[PDB]
Amino acid sequence: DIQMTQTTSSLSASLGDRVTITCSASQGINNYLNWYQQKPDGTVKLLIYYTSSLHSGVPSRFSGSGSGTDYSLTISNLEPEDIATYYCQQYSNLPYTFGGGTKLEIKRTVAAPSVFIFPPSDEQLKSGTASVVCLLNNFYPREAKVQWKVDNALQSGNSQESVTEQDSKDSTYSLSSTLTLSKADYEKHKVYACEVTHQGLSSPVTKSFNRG
Amino acid sequence: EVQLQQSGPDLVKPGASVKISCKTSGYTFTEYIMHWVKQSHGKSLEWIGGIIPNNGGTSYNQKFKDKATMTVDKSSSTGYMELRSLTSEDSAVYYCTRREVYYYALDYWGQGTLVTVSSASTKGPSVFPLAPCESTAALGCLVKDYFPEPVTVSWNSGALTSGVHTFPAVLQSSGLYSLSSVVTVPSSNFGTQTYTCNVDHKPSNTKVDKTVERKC
């Protein structure tokens, strides 16, 4: 089997930058090399076929190059909608084989999150569990510290975070932090607070509610 | 317009087998080879095999000769792929693709089909409102304690799209999934519309609308 190596699997680039994604085959593949784009939602598109030909409807800032074992996908000037994982595929021999992929991280200017906190509903509480959600909306870069404080006591070990993929329009992230407590623990405390530290914020932002 | 409509997510038992369909349309089904591709979570694409629909002739990646069977039905214009003796290594997204002759490439791809292989039982999500106890207002729904992936979430049956973030699921220490879907609205545009999240968990046949009450 021909192995397709994409050594760089995570690549950052600024909007407007020239971006190069490389692929090497274990042996010569005679230009029988296609490029695919997979968006964060799992949809796949053909970009380039036979090393260099644009697929119908693909913008012209995309080009393909190389021969023998070494191939490149170049994006002449990065657009926000280019956030994706890029894959090579040889069709010189069966079985068809794919590189490991290269994921783009788009670098844009700093944007601080806006922050929201949500108390648990009675509909949830009545079943024995409180989920408290803190939302960080439309920020860059990815790095953010989210600290939960209950009656001003710093919490540890009782929250989980999730982050969206970079937005295809504004290249930002959004993040949820969820604090899980038993109903009985939820009801022993008054003030639920999430404190957010980020490069876009000149000092930490705190959002809170009072139960009862 | 060429379209490849794959069948829905599927939970299936270790040792069981599962059939996936790829309903095609916008092109003569018989005039194009169909290939299948696997993608394990956080991983790259693996070619499984291709089928000539016109005469049913098949080509398999040797790694899948014991796993996969590709067949067609020329009448419904539908390709099928059956995976047998499933283990948790079969847990993946499966794609169907069309081959174009130009110089060969996979020019159209299905949306993919998530197969989970597990002993654990299906479980529908509970859906709870996220409402505040400023320039913009936020609300959402918490989609809690479901198995397996995936859920889909929409707002006002697809009419509300911008400001929407549906977070990826986290595996909880219970082995159940949970996620939140939020929307932000500029304060001024808040009190026009109502806000209802529509949550679909196909593996459990759960469909749940939750109206998130704006406070009075």
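First the proteins, then the strands, lettered A, B, ... as listed; each starts at 1. All values below were derived from every heavy atom in this structure, side-chain atoms included, with hydrogens, water molecules and symmetry-related copies excluded.
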Q: Ignoring hydrogens and geometry, is there a side-chain-to-backbone donor-acceptor pair from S162(A) to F167(B) under 3.5 Å?
A: no

Q: Who among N61(B), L45(B), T166(B), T97(B) has the most heavy-atom pairs with chain A under 4.5 Å?
A: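 It is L45(B).
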
Q: Measure the acute angle between the ring planes of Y49(A) and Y102(B), then classify it against the limits of 30° and 60° as parallel, tilted or perpendicular.
A: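 Answer is parallel, since the angle falls under 30°.
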
Q: Please report the closest heavy-atom contact between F98(A) and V37(B), naming both atoms and the distance.
A: CE1-CG1, 4.2 Å

Q: Taking all heavy atoms of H35(B) and all of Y96(A), pick out the closest pair and write down the distance.
A: CE1-CE1, 3.7 Å

Q: Does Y36(A) reach the main-chain N or O of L106(B) with its side chain, forming a donor-acceptor pair under 3.5 Å?
A: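 Indeed, once roles are kept as given, a pair shorter than 3.5 Å links the two residues.
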
Q: Main chain of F128(B), side chain of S121(A): is a donor-acceptor contact present, judged purely on distance under 3.5 Å?
A: no

Q: Who wins among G140(B), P168(B), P132(B) for the most heavy-atom pairs under 4.5 Å with chain A?
A: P168(B)

Q: If you measure from CG on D145(B) to CD on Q124(A), what distance do you get to the nearest 0.5 Å?
A: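 So the gap between those two atoms works out to 8.5 Å.
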
Q: Should the heavy atoms of other residues, nucleotides or ligands under 6.0 Å from CZ of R61(A) be counted, would the total exceed 12?
A: yes

Q: With a 4.5 angstrom heavy-atom cut-off, which part of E123(A) approaches chain B: side chain, backbone, both or neither?
A: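 Both backbone and side chain.
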
Q: Nearest 0.5 Å, what's the OG1-CG distance between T184(B) and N137(A)?
A: 4.5 Å

Q: For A138(B) versus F118(A), what's the shortest heavy-atom pair and its separation?
A: O-CE2, 3.4 Å

Q: Contact part of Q6(A) toward chain B, heavy-atom cut-off under 4.5 Å: side chain, backbone, both or neither?
A: neither

Q: Against chain A, label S126(B) side chain, backbone, both or neither, depending on which of its atoms sit under 4.5 Å from a heavy atom there.
A: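 Neither the backbone nor the side chain of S126(B) comes within 4.5 Å of chain A.
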
Q: Among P119(A), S131(A), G101(A), which residue forms the greatest number of heavy-atom pairs with chain B at distances under 4.5 Å?
A: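 Option with the top pair count is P119(A).
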
Q: Which region of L142(B), side chain (C-beta onward) or backbone (N, CA, C, O), has a non-hydrogen atom less than 4.5 Å from a non-hydrogen atom of chain A, or is it both or neither?
A: side chain

Q: Tell me if the NZ atom of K39(A) is crowded by more than 12 foreign heavy atoms within 6.0 Å.
A: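 Buried by this count: over 12 neighbours within 6.0 Å.
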
Q: Select one option (side chain, backbone, both, neither) describing which atoms of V212(B) are under 4.5 Å from chain A's heavy atoms.
A: neither

Q: Is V44(A) close to chain B through its backbone or its side chain, or both, or neither, when contacts mean heavy atoms under 4.5 Å?
A: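 Its backbone and side chain both get close to chain B.
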
Q: Can you confirm whether the side chains of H165(B) and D167(A) place a donor and an acceptor under 3.5 Å from each other?
A: no

Q: When heavy-atom pairs shorter than 4.5 Å are enumerated against chain B, which of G100(A), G99(A), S56(A) gives the highest number?
A: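 Of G100(A), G99(A), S56(A), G100(A) has the most heavy-atom pairs under 4.5 Å with chain B.
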
Q: Could you walk me through whether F116(A) and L130(B) pass the side chain to side chain contact (heavy atoms under 4.5 Å, CB included) check?
A: CA-CA 10 Å; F116(A) 304 84; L130(B) 295 175; over 6 Å; no

Q: Shorter than 4.5 Å, heavy atoms on both sides: which option in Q38(A), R211(A), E165(A) has the most such pairs with chain B?
A: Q38(A)

Q: Let me confirm one number: the OG-CD distance from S44(B) to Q89(A), rounded to the nearest 0.5 Å.
A: 10.5 Å

Q: Can you establish whether the number of heavy atoms outside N210(A) located under 6.0 Å from its atom CG is more than 12?
A: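 Counting other residues, nucleotides and ligands, CG of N210(A) exceeds 12 neighbours.
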
Q: Using non-hydrogen atoms and a 4.5 Å limit, figure out which bit of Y60(B) sits close to chain A: side chain, backbone, both or neither.
A: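 Neither; nothing under 4.5 Å.
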
Q: Tell me the residues of residues 170-185 of chain A whose non-hydrogen atoms fall below 4.5 Å from those of chain B, in number order.
A: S174(A), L175(A), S176(A)

Q: Who among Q111(B), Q39(B), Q62(B), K144(B) has the most heavy-atom pairs with chain A under 4.5 Å?
A: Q39(B)

Q: Please report the shortest heavy-atom distance between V170(B) and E161(A), naming the atom on each side.
A: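 What the structure gives for the nearest pair is CG1-O, 3.9 Å.
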
Q: Which atoms of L171(B) are under 4.5 Å from chain A, going by heavy atoms: the side chain, the backbone, both sets, or neither?
A: backbone

Q: With respect to chain A, which residue among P129(B), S180(B), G50(B) yields the maximal number of heavy-atom pairs within a distance under 4.5 Å?
A: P129(B)

